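Peer 1:
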Amino acid sequence: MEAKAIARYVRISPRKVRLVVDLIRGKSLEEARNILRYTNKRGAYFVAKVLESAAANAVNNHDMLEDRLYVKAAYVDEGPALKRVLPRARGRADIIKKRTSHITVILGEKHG
Amino acid sequence: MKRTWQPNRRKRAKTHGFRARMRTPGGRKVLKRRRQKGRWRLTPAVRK
Amino acid sequence: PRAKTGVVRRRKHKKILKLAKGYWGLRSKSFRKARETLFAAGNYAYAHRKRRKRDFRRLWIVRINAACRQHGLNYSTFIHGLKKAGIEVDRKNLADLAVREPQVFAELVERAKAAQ
Amino acid sequence: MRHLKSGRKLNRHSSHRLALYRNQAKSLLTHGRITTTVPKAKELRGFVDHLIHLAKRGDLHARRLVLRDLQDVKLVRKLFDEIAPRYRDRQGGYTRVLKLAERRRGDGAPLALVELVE
Amino acid sequence: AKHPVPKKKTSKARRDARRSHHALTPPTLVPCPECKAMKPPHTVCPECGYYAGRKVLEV
RNA sequence: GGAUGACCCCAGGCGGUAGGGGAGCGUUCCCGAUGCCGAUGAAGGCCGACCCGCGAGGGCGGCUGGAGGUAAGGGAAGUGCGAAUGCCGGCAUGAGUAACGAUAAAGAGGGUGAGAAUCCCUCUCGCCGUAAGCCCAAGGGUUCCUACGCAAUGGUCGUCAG
RNA sequence: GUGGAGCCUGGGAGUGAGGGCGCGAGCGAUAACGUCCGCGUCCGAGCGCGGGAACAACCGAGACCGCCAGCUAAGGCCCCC
RNA sequence: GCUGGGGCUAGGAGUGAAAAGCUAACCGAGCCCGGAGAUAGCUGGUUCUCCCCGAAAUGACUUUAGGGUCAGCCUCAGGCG
RNA sequence: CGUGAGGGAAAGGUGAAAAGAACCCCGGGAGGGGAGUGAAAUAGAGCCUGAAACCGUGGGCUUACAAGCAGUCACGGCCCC
RNA sequence: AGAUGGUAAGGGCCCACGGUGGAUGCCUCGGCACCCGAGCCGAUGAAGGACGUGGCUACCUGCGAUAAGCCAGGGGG
Ligand SMILES: [Mg+2]
Ligand SMILES: [Mg+2]
Ligand SMILES: [Mg+2]
Ligand SMILES: [Mg+2]
Ligand SMILES: [Mg+2]
Ligand SMILES: [Mg+2]
Ligand SMILES: [Mg+2]
Ligand SMILES: [Mg+2]
Ligand SMILES: [Mg+2]
Ligand SMILES: [Mg+2]
Ligand SMILES: [Mg+2]
Ligand SMILES: [Mg+2]
Ligand SMILES: [Mg+2]
Ligand SMILES: [Mg+2]
Ligand SMILES: [Mg+2]
Ligand SMILES: [Mg+2]
Ligand SMILES: [Mg+2]
Ligand SMILES: [Mg+2]
Ligand SMILES: [Mg+2]
Ligand SMILES: [Mg+2]
Ligand SMILES: [Mg+2]
Ligand SMILES: [Mg+2]
Ligand SMILES: [Mg+2]
Ligand SMILES: [Mg+2]
Ligand SMILES: [Mg+2]
Ligand SMILES: [Mg+2]
Ligand SMILES: [Mg+2]
Ligand SMILES: [Mg+2]
Ligand SMILES: [Mg+2]
Ligand SMILES: [Mg+2]
Ligand SMILES: [Mg+2]
Ligand SMILES: [Mg+2]
Ligand SMILES: [Mg+2]
Ligand SMILES: [Mg+2]
Ligand SMILES: [Mg+2]
Ligand SMILES: [Mg+2]
Ligand SMILES: [Mg+2]
Ligand SMILES: [Mg+2]
Ligand SMILES: [Mg+2]
Ligand SMILES: [Mg+2]
Ligand SMILES: [Mg+2]
Ligand SMILES: [Mg+2]
Ligand SMILES: [Mg+2]
Ligand SMILES: [Mg+2]
Ligand SMILES: [Mg+2]
Ligand SMILES: [Mg+2]
Ligand SMILES: [Mg+2]
Ligand SMILES: [Mg+2]
Ligand SMILES: [Mg+2]
Ligand SMILES: [Mg+2]
Ligand SMILES: [Mg+2]
Ligand SMILES: [Mg+2]
Ligand SMILES: [Mg+2]
Ligand SMILES: [Mg+2]
Ligand SMILES: [Mg+2]
Ligand SMILES: [Mg+2]
Ligand SMILES: [Mg+2]
Ligand SMILES: [Mg+2]
Ligand SMILES: [Mg+2]
Ligand SMILES: [Mg+2]
Ligand SMILES: [Mg+2]
Ligand SMILES: [Mg+2]
Ligand SMILES: [Mg+2]
Ligand SMILES: [Mg+2]
Ligand SMILES: [Mg+2]
Ligand SMILES: [Mg+2]
Ligand SMILES: [Mg+2]
Ligand SMILES: [Mg+2]
Ligand SMILES: [Mg+2]
Ligand SMILES: [Mg+2]
Ligand SMILES: [Mg+2]
Ligand SMILES: [Mg+2]
Ligand SMILES: [Mg+2]
Ligand SMILES: [Mg+2]
Ligand SMILES: [Mg+2]
Ligand SMILES: [Mg+2]
Ligand SMILES: [Mg+2]
Ligand SMILES: [Mg+2]
Ligand SMILES: [Mg+2]
Ligand SMILES: [Mg+2]
Ligand SMILES: [Mg+2]
Ligand SMILES: [Mg+2]
Ligand SMILES: [Mg+2]
Ligand SMILES: [Mg+2]
Ligand SMILES: [Mg+2]
Ligand SMILES: [Mg+2]
Ligand SMILES: [Mg+2]
Ligand SMILES: [Mg+2]
Ligand SMILES: [Mg+2]
Ligand SMILES: [Mg+2]
Ligand SMILES: [Mg+2]
Ligand SMILES: [Mg+2]
Ligand SMILES: [Mg+2]
Ligand SMILES: [Mg+2]
Ligand SMILES: [Mg+2]
Ligand SMILES: [Mg+2]
Ligand SMILES: [Mg+2]
Ligand SMILES: [Mg+2]
Ligand SMILES: [Mg+2]
Ligand SMILES: [Mg+2]
Ligand SMILES: [Mg+2]
Ligand SMILES: [Mg+2]
Ligand SMILES: [Mg+2]
Ligand SMILES: [Mg+2]
Ligand SMILES: [Mg+2]
Ligand SMILES: [Mg+2]
Ligand SMILES: [Mg+2]
Ligand SMILES: [Mg+2]
Ligand SMILES: [Mg+2]
Ligand SMILES: [Mg+2]
Ligand SMILES: [Mg+2]
Ligand SMILES: [Mg+2]
Ligand SMILES: [Mg+2]
Ligand SMILES: [Mg+2]
Ligand SMILES: [Mg+2]
Ligand SMILES: [Mg+2]
Ligand SMILES: [Mg+2]
Ligand SMILES: [Mg+2]
Ligand SMILES: [Mg+2]
Ligand SMILES: [Mg+2]
Ligand SMILES: [Mg+2]
Ligand SMILES: [Mg+2]
Ligand SMILES: [Mg+2]
Ligand SMILES: [Mg+2]
Ligand SMILES: [Mg+2]
Ligand SMILES: [Mg+2]
Ligand SMILES: [Mg+2]
Ligand SMILES: [Mg+2]
Ligand SMILES: [Mg+2]
Ligand SMILES: [Mg+2]
Ligand SMILES: [Mg+2]
Ligand SMILES: [Mg+2]
Ligand SMILES: [Mg+2]
Ligand SMILES: [Mg+2]
Ligand SMILES: [Mg+2]
Ligand SMILES: [Mg+2]
Ligand SMILES: [Mg+2]
Ligand SMILES: [Mg+2]
Ligand SMILES: [Mg+2]
Ligand SMILES: [Mg+2]
Ligand SMILES: [Mg+2]
Ligand SMILES: [Mg+2]
Ligand SMILES: [Mg+2]
Ligand SMILES: [Mg+2]
Ligand SMILES: [Mg+2]
Ligand SMILES: [Mg+2]
Ligand SMILES: [Mg+2]
Ligand SMILES: [Mg+2]
Ligand SMILES: [Mg+2]
Ligand SMILES: [Mg+2]
Ligand SMILES: [Mg+2]
Ligand SMILES: [Mg+2]
Ligand SMILES: [Mg+2]
Ligand SMILES: [Mg+2]
Ligand SMILES: [Mg+2]
Ligand SMILES: [Mg+2]
Ligand SMILES: [Mg+2]
Ligand SMILES: [Mg+2]
Ligand SMILES: [Mg+2]
Ligand SMILES: [Mg+2]
Ligand SMILES: [Mg+2]
Ligand SMILES: [Mg+2]
Ligand SMILES: [Mg+2]
Ligand SMILES: [Mg+2]
Ligand SMILES: [Mg+2]
Ligand SMILES: [Mg+2]
Ligand SMILES: [Mg+2]
Ligand SMILES: [Mg+2]
Ligand SMILES: [Mg+2]
Ligand SMILES: [Mg+2]
Ligand SMILES: [Mg+2]
Ligand SMILES: [Mg+2]
Ligand SMILES: [Mg+2]
Ligand SMILES: [Mg+2]
Ligand SMILES: [Mg+2]
Ligand SMILES: [Mg+2]
Ligand SMILES: [Mg+2]
Ligand SMILES: [Mg+2]
Ligand SMILES: [Mg+2]
Ligand SMILES: [Mg+2]
Ligand SMILES: [Mg+2]
Ligand SMILES: [Mg+2]
Ligand SMILES: [Mg+2]
Ligand SMILES: [Mg+2]
Ligand SMILES: [Mg+2]
Ligand SMILES: [Mg+2]
Ligand SMILES: [Mg+2]
Ligand SMILES: [Mg+2]
Ligand SMILES: [Mg+2]
Ligand SMILES: [Mg+2]
Ligand SMILES: [Mg+2]
Ligand SMILES: [Mg+2]
Ligand SMILES: [Mg+2]
Ligand SMILES: [Mg+2]
Ligand SMILES: [Mg+2]
Ligand SMILES: [Mg+2]
Ligand SMILES: [Mg+2]
Ligand SMILES: [Mg+2]
Ligand SMILES: [Mg+2]
Ligand SMILES: [Mg+2]
Ligand SMILES: [Mg+2]
Ligand SMILES: [Mg+2]
Ligand SMILES: [Mg+2]
Ligand SMILES: [Mg+2]
Ligand SMILES: [Zn+2]
C-alpha cells in the first residue's frame, strides 16, 4: 500500500526545490521530518507540507501506520512558467520566467 | 532630460480636436476614414 | 481545395528518428541531426560491408602464417606449394584447419613442400 | 592579508561600526539579554565587559568614561548601582554568548543570544 | 572588453556534469540529552530550551 | 522464345553536378456512394524484432482514442520542407551565473500573525534642511479615507502598499 | 568498323567564373599554387575505392546489389602494417 | 541674458549668429496611407521516391565583360540505315 | 503602439446530460488524499484528442590511463524475449 | 612476484511512467466566392456618437427622463 500527496503550481523554481526533495528520498518519515526542519532553504517549507499531507493520507485514508512510513518516492515536475518583463538598459526589455513546481511525495510502509 | 511628450490639453484639443478636423477638407476625411474603419474614438479623448 | 501538411511530415520524421535510436545526444532526438548521422552511417555500412571481406582475409592470412612457421616454412611458401599441388581449399578453411584440425593442416603443409 | 589583526569590520564604516557597538551595549545593559547574529554577538562581549569592569571601579573618572559610550545617565546609574555589584568577586567574563538553533527566515542569518551572567 | 559569449550550447551532459557538486549535505543533528529531540549541536535546544544541562530559554 | 507485358532462357548496359526523359508513392477535394467499413470502436496518436514493395510507401497486430472514414476505377489541385541572419509559437543554453537601480546606516525590545531583517509601537543611531520641508500652477484622474484580503503587481520578504 | 555510333526534322534544356597536370609557345626574371594561347588529360560532376604518412586533379582503377570465396593493378613483404 | 503661458512659419518647404544644423530619440530633403506585389541583369531559398541518358565554363556579337542572342556541347520523339 | 494621420494583435472544444465532485482528512491558502457522479475523471473545469523539442523519476547495460563529425564493421561480456 | 574483479561524484544509451507544451485528427457560431434578390438616408435634424436607462447591473444588447421600453393593427399559442 502507498500514499501520495502532490502540491501543484507551487511558485518556486523546480531546480531549487529538487535540491531539497533529494535530501529526503528513501528516508524514514521521522528522519525526513528531522531533516526538513533544519534545512536552510525556502524549499524546505514546501517539501515539508507535502510530506506531512502524504503522511496524513497514509494514516487516515489508506490504513498505514505512521511508525512504518518512509519516503518511497519523491520528485518535482515543472509547471507553467510565469513570464514577467525585466527592463534593461538602452530600451531593451528582457523576459524573466518565474517558474513553478509540482511536488510529489509517495509514502510506503517498512514492514519490520 | 526633456523628452518629447509634454501634455497640454488646450494644445491637444486645438490641434487634433473634432472641430479642428471638421474645419479642413483633409481633416473631414480623417473623420470619414476613421468612421469607415469603425474606430471607437474619431478624435483623441481629452479631459478639457 | 487546400492540402495542408497535416499528418505527412511528422510521419516522415518519425521514420528517421526511429532509425537513429541509440545515437548520442541530439543525434537520436533531433530529426535534423538524426538525418545527418544516418547519411554517414549509410556510407559507412556500404564501405564496411565491402571492407569486412578484407578484414577477415587478413586475419586468415595471419593465422595460416602462424601455423606454417611452426613447420619451418612461411605463408608465401605455403600458398605457392598449394598452388603447385593444385590444392584449392580457401583461406577461410585453411585457418579453421590450422586451429581445429592440426594434423590435417600438417598433411597440407607436407603436400605444399612436396609440390616444389 | 589580515595577519594578526583583531576586530571585525562587519560591513560598516568606522563611525557606524562604533555606533553599532554602543547601541548594542545600551540594549544589552538595558534588558540583560538580547538576540543578534552570531558575529555581532561575539564582538559585543569585550565591548560591554570593559564597560562593566569600569562600573566595578566606581570612581568619577570611570563614570565619565563609561558615559562616553552609553550616554544615558539613568542607564549608567543602573550599571554602577544594580549591575556592577553582582560581579565584585568575578574577574572578567561578565557576558556570555549562546548560539540559537534556528536561522532567520528572510536571509538565513545564524542567530545567537548575548546576556549578562548571573 | 569585447563582450565574450558562449561559442556552443552546453550539452545536457556537460551541464549536468557541472552540477556534480551541487548536492546538498543533510543538516548535522544530535539528540537533545533532555528531551531526545534532534537538534544542531552547540545550539540551545529549541524544543525544551535546555543547553549544558540547564534551562536557558522559554520555548 | 509466346506471340503481344503471361512468364522463362541467353547476352550486354547500369559513377554522376547543371540538365533532358520515364515510372511511381503520398497529401486535400469530386464521381463511384440513397452504397460500403464503423461503439464487437472512425480519424488521429504511441509501439512493433512481423508481412508486401528497390524505394516513396502499403499491410497486420498491441495500447491509446471515442465518431467518423471510405474501395476497385477515374477526375481536379492552396499537394510532400532542414536550412531563405525565413514567419508564428513552444522550449532550451549561457546559469543558480551578472544583477536586485545612488556608500544617508543601522541596533534592540515589545506587538501582530500559519509565516516576520522587511507590517505596527517604543528607545537608541544616521541622513536632508535655498530641502530630501511647505504652499500653488501644469499634467495625471480616485491613486484620497476606512474595512476585509495577499494569487498576481513590489526587483527580496510581506501580516504591508499608490 | 552495328556503336548509348552516324545523318535529317522537330520539342526541352543547361553552359557561356573553370582548374591542376604533361608537352609546344608568348608574357614574366630559362620567378609565382603567375599569366595568355595550343594539343591532350583528369578534377569539375569520380571530395566513391587501392597507392602516394596525411592531400580534387601524381600512380592504379570507372563503384547496379549481396558473399567470413578466388586472381591481380599501382605500391609493397623487419615491427606499427 | 534666462524662463512660464498664449500664438505663427513645414517637406524641395520652413526655420537656421551657418553645423547640411534642426523641423517629435536615425534629416545631403520628416512621418503616415496610397501608387505597390515599384524595379533589383544582384543575394538567399525552393519540399516525395525509383529508373535511363548526361553536359558547359568555348566562338561571334553585345553601353558587353559575374547579363544576354546565335553557334558549339546534353536529352527526348519521329524518320534515315 | 503612436503627438497625430495611422498602425494593430492574441484568444474556439468538459460531458449524452453539470450529474461541475455533499461530507471527512493534511493545509493559512493553493494544492492534494478518500468519498460521490459518469460509459469513461491522465473527460475535473489549468477540462476532446494531446505529437515534438524540453524537464524529471525508476529500472537494465555501461563509464574515472582515456584522444572524439560520435558512427560503422567484427568479436566478446552482461540484461531481456 | 604475477595476474584479473566489485567502485560511480557524476555522465552516456535503451525501457517504463510522468510533467511541460499544444501539433494532429475530428468539430464549427465564423469566413470566402459566385448567382439571384434589393438598393438611397437627411432641417419632420441623417450617418455616427456622447451621456444616461434595470429592485440588486461591470460589460454587451435594447431603449431615451414615457429610457431592456408606451400605444394600435396583424402574426402566433
Ligand atoms: Mg542544508
Ligand atoms: Mg498524522
Ligand atoms: Mg533601441
Ligand atoms: Mg527567461
Ligand atoms: Mg515647455
Ligand atoms: Mg497626460
Ligand atoms: Mg492647457
Ligand atoms: Mg493652459
Ligand atoms: Mg480641434
Ligand atoms: Mg463637402
Ligand atoms: Mg462603443
Ligand atoms: Mg484605439
Ligand atoms: Mg483624429
Ligand atoms: Mg499543417
Ligand atoms: Mg520531412
Ligand atoms: Mg506533420
Ligand atoms: Mg505518427
Ligand atoms: Mg511516412
Ligand atoms: Mg547507443
Ligand atoms: Mg550497434
Ligand atoms: Mg539523447
Ligand atoms: Mg544526452
Ligand atoms: Mg529529446
Ligand atoms: Mg538514409
Ligand atoms: Mg558494400
Ligand atoms: Mg570501402
Ligand atoms: Mg581478395
Ligand atoms: Mg577484394
Ligand atoms: Mg583487421
Ligand atoms: Mg622460416
Ligand atoms: Mg596463388
Ligand atoms: Mg588459393
Ligand atoms: Mg586589503
Ligand atoms: Mg590575534
Ligand atoms: Mg573597532
Ligand atoms: Mg579579523
Ligand atoms: Mg572572523
Ligand atoms: Mg549594513
Ligand atoms: Mg555586503
Ligand atoms: Mg556616520
Ligand atoms: Mg564620520
Ligand atoms: Mg582587550
Ligand atoms: Mg554556543
Ligand atoms: Mg521573511
Ligand atoms: Mg577594456
Ligand atoms: Mg575592448
Ligand atoms: Mg571581456
Ligand atoms: Mg570600459
Ligand atoms: Mg559580456
Ligand atoms: Mg562565440
Ligand atoms: Mg539543455
Ligand atoms: Mg539527465
Ligand atoms: Mg560544464
Ligand atoms: Mg546551523
Ligand atoms: Mg513546547
Ligand atoms: Mg544483367
Ligand atoms: Mg559500371
Ligand atoms: Mg545512374
Ligand atoms: Mg553551373
Ligand atoms: Mg523513358
Ligand atoms: Mg504526401
Ligand atoms: Mg497521385
Ligand atoms: Mg454523399
Ligand atoms: Mg456518407
Ligand atoms: Mg456493420
Ligand atoms: Mg460503446
Ligand atoms: Mg478499443
Ligand atoms: Mg481527413
Ligand atoms: Mg508503417
Ligand atoms: Mg476507451
Ligand atoms: Mg486506431
Ligand atoms: Mg454525424
Ligand atoms: Mg483516411
Ligand atoms: Mg474517396
Ligand atoms: Mg482510385
Ligand atoms: Mg469518372
Ligand atoms: Mg480545383
Ligand atoms: Mg504552396
Ligand atoms: Mg533542403
Ligand atoms: Mg536572426
Ligand atoms: Mg540566429
Ligand atoms: Mg552565427
Ligand atoms: Mg525562425
Ligand atoms: Mg526554420
Ligand atoms: Mg523564436
Ligand atoms: Mg531564454
Ligand atoms: Mg560564467
Ligand atoms: Mg562571478
Ligand atoms: Mg553578485
Ligand atoms: Mg545598479
Ligand atoms: Mg542599494
Ligand atoms: Mg560616496
Ligand atoms: Mg522586532
Ligand atoms: Mg519580534
Ligand atoms: Mg517581515
Ligand atoms: Mg513573512
Ligand atoms: Mg538653513
Ligand atoms: Mg487639475
Ligand atoms: Mg497615467
Ligand atoms: Mg484603482
Ligand atoms: Mg483628501
Ligand atoms: Mg482607495
Ligand atoms: Mg488593514
Ligand atoms: Mg502578493
Ligand atoms: Mg506574497
Ligand atoms: Mg503568498
Ligand atoms: Mg512581483
Ligand atoms: Mg514578491
Ligand atoms: Mg522593479
Ligand atoms: Mg494609502
Ligand atoms: Mg552517349
Ligand atoms: Mg552523344
Ligand atoms: Mg536537338
Ligand atoms: Mg522538358
Ligand atoms: Mg521542364
Ligand atoms: Mg550562362
Ligand atoms: Mg560572359
Ligand atoms: Mg570566359
Ligand atoms: Mg576566371
Ligand atoms: Mg581565362
Ligand atoms: Mg617526361
Ligand atoms: Mg609551358
Ligand atoms: Mg616569352
Ligand atoms: Mg636565378
Ligand atoms: Mg593558373
Ligand atoms: Mg608554371
Ligand atoms: Mg610557365
Ligand atoms: Mg586543360
Ligand atoms: Mg560548378
Ligand atoms: Mg580521386
Ligand atoms: Mg570523367
Ligand atoms: Mg592514401
Ligand atoms: Mg586517394
Ligand atoms: Mg597509408
Ligand atoms: Mg583517407
Ligand atoms: Mg590528393
Ligand atoms: Mg595539389
Ligand atoms: Mg595471390
Ligand atoms: Mg608489382
Ligand atoms: Mg612502408
Ligand atoms: Mg623487394
Ligand atoms: Mg606505432
Ligand atoms: Mg606483417
Ligand atoms: Mg519673453
Ligand atoms: Mg516664452
Ligand atoms: Mg504654446
Ligand atoms: Mg511658445
Ligand atoms: Mg510654420
Ligand atoms: Mg516665421
Ligand atoms: Mg501643414
Ligand atoms: Mg521632401
Ligand atoms: Mg528650403
Ligand atoms: Mg540659434
Ligand atoms: Mg513621430
Ligand atoms: Mg525627426
Ligand atoms: Mg531628432
Ligand atoms: Mg531625396
Ligand atoms: Mg504600378
Ligand atoms: Mg510596397
Ligand atoms: Mg519551389
Ligand atoms: Mg553513364
Ligand atoms: Mg567582326
Ligand atoms: Mg553579331
Ligand atoms: Mg564593366
Ligand atoms: Mg575583369
Ligand atoms: Mg551584369
Ligand atoms: Mg542556346
Ligand atoms: Mg554531336
Ligand atoms: Mg531515336
Ligand atoms: Mg511616432
Ligand atoms: Mg495613445
Ligand atoms: Mg505603421
Ligand atoms: Mg500576427
Ligand atoms: Mg462537449
Ligand atoms: Mg457541450
Ligand atoms: Mg482548515
Ligand atoms: Mg484543519
Ligand atoms: Mg494570515
Ligand atoms: Mg479544495
Ligand atoms: Mg493530499
Ligand atoms: Mg478532491
Ligand atoms: Mg461507479
Ligand atoms: Mg462500452
Ligand atoms: Mg488516457
Ligand atoms: Mg477522455
Ligand atoms: Mg487534456
Ligand atoms: Mg468529442
Ligand atoms: Mg498535459
Ligand atoms: Mg511528451
Ligand atoms: Mg537515470
Ligand atoms: Mg600510461
Ligand atoms: Mg579502466
Ligand atoms: Mg555485439
Ligand atoms: Mg578494478
Ligand atoms: Mg552510474
Ligand atoms: Mg548520485
Ligand atoms: Mg559516452
Ligand atoms: Mg504525457
Ligand atoms: Mg494546456
Ligand atoms: Mg441599402
Ligand atoms: Mg442616431
Ligand atoms: Mg448602454
Ligand atoms: Mg402593445
Ligand atoms: Mg395582439
Ligand atoms: Zn530538548
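Chains as they are written, first to last, in the deposited numbering: chain 1W, 1 to 112; chain 17, 1 to 48; chain 1U, 2 to 117; chain 1R, 1 to 118; chain 15, 2 to 60.
Just so you know, even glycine gets a beta-carbon here, dropped at the ideal spot from N, CA and C.
Is residue 49 (chain 17) near ligand 7, judged by its Cβ being under 7 angstroms from some heavy atom?
Peer 2: Beyond the ends of chain 17 as shown, which are 1 and 48, falls residue 49 (chain 17); an answer cannot be given.
Peer 1: Could you tell me the alpha carbon to alpha carbon distance between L28 (chain 1R) and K56 (chain 15), rounded to whole angstroms?
Peer 2: Roughly 20 angstroms separates the two Cα atoms.
Peer 1: Measuring alpha carbon to alpha carbon, tell me which residue in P110 (chain 1R), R57 (chain 1R), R64 (chain 1R) and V117 (chain 1R) is nearest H43 (chain 15).
Peer 2: With distances taken between Cα atoms, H43 (chain 15) lies closest to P110 (chain 1R).
Peer 1: What is the DSSP secondary structure of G87 (chain 1U), reduced to helix, strand or coil?
Peer 2: Coil at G87 (chain 1U), not helix or strand.
Peer 1: Using a C-beta cutoff of 8 angstroms, does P34 (chain 15) count as contacting chain 1W?
Peer 2: No, because no Cβ of chain 1W sits closer than 8 angstroms to the Cβ of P34 (chain 15).
Peer 1: Of all Cβ atoms in chain 15, is any one closer than 8 angstroms to the Cβ of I35 (chain 1W)?
Peer 2: So, interface residue.
Peer 1: Compare the C-beta of residue 1 (chain 15) against all C-beta atoms of chain 1W and say whether one is closer than 8 angstroms.
Peer 2: Residue coverage of chain 15 in this structure runs from 2 to 60, which leaves residue 1 (chain 15) outside it and unanswerable.
Peer 1: Assuming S14 (chain 1R) is part of the alpha helix (DSSP H), what are its boundary residues?
Peer 2: That run of the alpha helix (DSSP H) goes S14 to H31.
Peer 1: Considering only heavy atoms of ligand 18, list every residue whose Cβ is less than 6 angstroms from one of them, following chain order.
Peer 2: For ligand 18, the selected residues are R12 (chain 1U), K13 (chain 1U) and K16 (chain 1U).
Peer 1: Going by the CB atoms, is the gap between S31 (chain 1U) and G23 (chain 1U) shorter than 8 angstroms?
Peer 2: No. Outside cutoff.
Peer 1: Check the Cβ of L23 (chain 1W) against every Cβ in chain 15 and list those closer than 7 angstroms, keeping chain order.
Peer 2: Near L23 (chain 1W) (Cβ distances below 7 angstroms), the residues of chain 15 are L25 and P27.
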